[PDB]
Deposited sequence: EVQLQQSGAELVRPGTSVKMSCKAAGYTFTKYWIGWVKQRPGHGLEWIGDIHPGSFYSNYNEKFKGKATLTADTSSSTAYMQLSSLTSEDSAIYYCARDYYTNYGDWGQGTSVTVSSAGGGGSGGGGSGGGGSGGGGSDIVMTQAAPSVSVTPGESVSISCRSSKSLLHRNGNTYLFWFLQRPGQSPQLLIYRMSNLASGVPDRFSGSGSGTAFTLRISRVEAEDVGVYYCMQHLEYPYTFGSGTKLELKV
């Protein structure tokens, strides 16, 4: 199985740098892109950049150009991210994830760091939360600021669930396709600019934050999240 094993929590002071690692196993390291994602309280998920360990080429969200540096070591199958000029804004959990043909299906467990664009596609999720009773069905909406339909015929919309204290997990890829290992109680539909995740027969394991994300164009972008909880 694919494994991404990240380095430990860091407690650091402002104005310093930190370098964290993501050790890969169970697949050919130099064949796939690795992306990095920032989870900061109140700020959902934010995409930093990606790196191809075969070519060593990296692509960054402009917002992180001069903040984050991505590298890779093919001898140890390890990807690294270094952050400079640390500030309170950088306190967050940082994930690496393997890009499998646009699917972020494999995630590291995250590294916690505690510090003591106009043309970007905007993804919106109108509901901050949904409150449901077990066995109920639920719908969660998302919208994109431009069509996510590609010339190849695929619509590059993705749904993730981040259960409490866990890494995000991929549920639905390319708008409607069910990810491996996910129950078929989850389904996705959409128009290319508006999307719906449907969950039948909700159960306790479904509790967490649901995020939509586009992987059409750099920088990749996430919706603001919709928290699912069991009822009052």
query	finding
Chain regions without C-alpha coordinates, deposited sequence numbering	117 to 135
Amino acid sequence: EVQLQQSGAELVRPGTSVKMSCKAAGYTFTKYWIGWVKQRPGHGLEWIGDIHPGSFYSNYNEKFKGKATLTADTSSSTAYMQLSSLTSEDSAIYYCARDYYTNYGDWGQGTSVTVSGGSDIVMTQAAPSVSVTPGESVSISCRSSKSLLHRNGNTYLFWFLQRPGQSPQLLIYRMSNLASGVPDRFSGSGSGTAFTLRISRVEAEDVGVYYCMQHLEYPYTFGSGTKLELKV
From here on, numbers count along this sequence of modelled residues.
{"property": "Which of 117 to 125 and 157 to 165 has higher mean CA B factor, as the PDB entry lists it", "result": "117 to 125"}
{"property": "Which of 127 to 135 and 107 to 115 has higher mean CA B factor, as the PDB entry lists it", "result": "127 to 135"}
{"property": "Selection from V182, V37, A194, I34 [criterion: highest C-alpha temperature factor in the record]", "result": "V182"}
{"property": "Largest Cα B-factor, entry values, listed residues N152, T74, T102, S144", "result": "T74"}
{"property": "For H43, the third of its chain into which the C-alpha B factor falls", "result": "highest"}
{"property": "Third of the chain's Cα B-factor distribution that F186 belongs to, per the entry", "result": "middle"}
{"property": "Third of chain Cα B-factors occupied by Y27", "result": "highest"}
{"property": "Third of the chain, ranked by Cα B-factor, where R13 sits", "result": "highest"}
{"property": "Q3, C-alpha B-factor rank within chain (lowest, middle or highest third)", "result": "highest"}
